[PDB]
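Participant: starting from these lines, generate the structure:
(one chain, ligands or ions: 2)
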Amino acid sequence: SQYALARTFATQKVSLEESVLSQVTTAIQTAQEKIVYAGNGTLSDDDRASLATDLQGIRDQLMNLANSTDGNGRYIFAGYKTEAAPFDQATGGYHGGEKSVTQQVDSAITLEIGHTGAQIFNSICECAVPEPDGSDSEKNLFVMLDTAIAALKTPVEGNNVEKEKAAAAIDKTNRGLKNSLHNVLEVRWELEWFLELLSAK
Ligand code: NA
Ligand SMILES: [Zn+2]
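Facilitator: Numbering: from 1, shown residues only. Ligands and ions are numbered 1, 2, ... in the order given. There you are, the coordinates:
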């Protein structure tokens, strides 16, 4: 019969997620800009290690966003497991809830108002760019970042075998960050739709 409270709760939760995912989007785009500079094979090992540090700062920001809590201190990207931070700080692994938070808002409509951290930070777009060798696309944002950061702190001057190895990891990160950004943008499209549905009452 009356969905007033349900719709206010879903508007609030969806607005919060859009607000945090907007920050995730900006941080992913900043890391992509770093990775473009890292594709320059005339960088010295000191320049490369400076880019690594910049990328660590961005990774740390994304980890703080992935472990975002709401007003009441409950984690927003953990599905129903809202009492513990869903991401492991060191590895970026997800161990929050596997089922998204849903809310019925009309006699017929139920919305996915809380996406899991797996859906946001350990998923890539349907439209993913493939690995050139046919191996699996990396799905975990933090892995993409950490593997780049490690390859940028590995000096490569005068050593072609290492130089190619480090440049292959940077290329792979460039592909992942596309794949991850596109996933977040598709989720944001879905939230934009939910807020249109909700505001039409
Ligand atoms: Na898409
Ligand atoms: Zn969704």
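Participant: hey, where'd the strands end up in this structure?
Facilitator: Taking DSSP state E, the strands of the chain run over residues 101-104, 110-114.
Participant: which positions within the last one qualify as buried?
Facilitator: Under the neighbour-count criterion of 16 or more other C-beta atoms under 10 Å, strand 110-114 has 111, 112, 113, 114 buried. To be clear about C-beta, it is placed using only N, CA and C from the backbone, and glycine gets the same treatment.
Participant: ok, the third one to residue 23 distance?
Facilitator: To tie it back to what came earlier, the one meant is residue 113. Noted for residue 113: a distance of 18 Å to residue 23, by C-beta to C-beta, to the nearest Å.
Participant: contacts only, for the spatially most central residue of the chain.
Facilitator: Central residue of the chain (C-alpha atoms, centre = their mean): residue 121, 3.7 Å from the mean position. Listed by C-beta atoms under 8 Å, 6 or more residues apart in numbering, the contact partners of residue 121 are 62, 66, 77, 87, 92, 94, 140, 141, 142, 180.
Participant: gap between it and residue 101?
Facilitator: Residue 121 is 16 Å from residue 101, by C-beta to C-beta.
Participant: residue 8 too?
Facilitator: 16 Å.
Participant: hmm, residue 187 is touching residue 120, no?
Facilitator: Yes. Under the criterion of C-beta atoms under 8 Å, residue 187 makes contact with residue 120 at 6.3 Å.
Participant: what does stretch 187-201 contact?
Facilitator: Stretch 187-201 is contacted by residues 7, 10-11, 14-15, 17-18, 21-22, 25, 105, 109, 111-113, 115, 119-120 when judged by C-beta under 8 Å, 6+ apart.
Participant: which among these end up buried?
Facilitator: Looks like those have 7, 10-11, 14, 17-18, 21, 105, 111-113, 115, 119-120 buried, using 16+ other C-beta under 10 Å.
Participant: closest to ligand 2 among the residues you listed?
Facilitator: residue 112 (4.3 Å; C-beta to the ion).
Participant: before we move on, the earlier item: return only those of the contacts of stretch 187-201 found close to ligand 2.
Facilitator: When the contacts of stretch 187-201 are checked against ligand 2 using C-beta under 5 Å from the ion, the ones in range are residue 112.
Participant: look up phi and psi at the closest residue to residue 112 other than its chain neighbours.
Facilitator: Spatially, and ignoring its direct neighbours in sequence, residue 112 is nearest to residue 100 (4.7 Å; C-beta to C-beta, 6 or more residues apart in numbering). Dihedral angles of residue 100 (phi, psi; degrees, to the nearest 10) stand at phi -70, psi 160.
Participant: and residue 100, how many neighbours?
Facilitator: 15 (other C-beta atoms under 10 Å).
Participant: just give the nearest non-adjacent residue to residue 137, would you?
Facilitator: residue 128 (5.3 Å).
Participant: repeat for residue 30
Facilitator: residue 58 (5.4 Å).
Participant: what does residue 117 give?
Facilitator: Of all residues not flanking residue 117 in the chain, residue 77 sits nearest, at 3.8 Å (C-beta to C-beta, 6+ apart).
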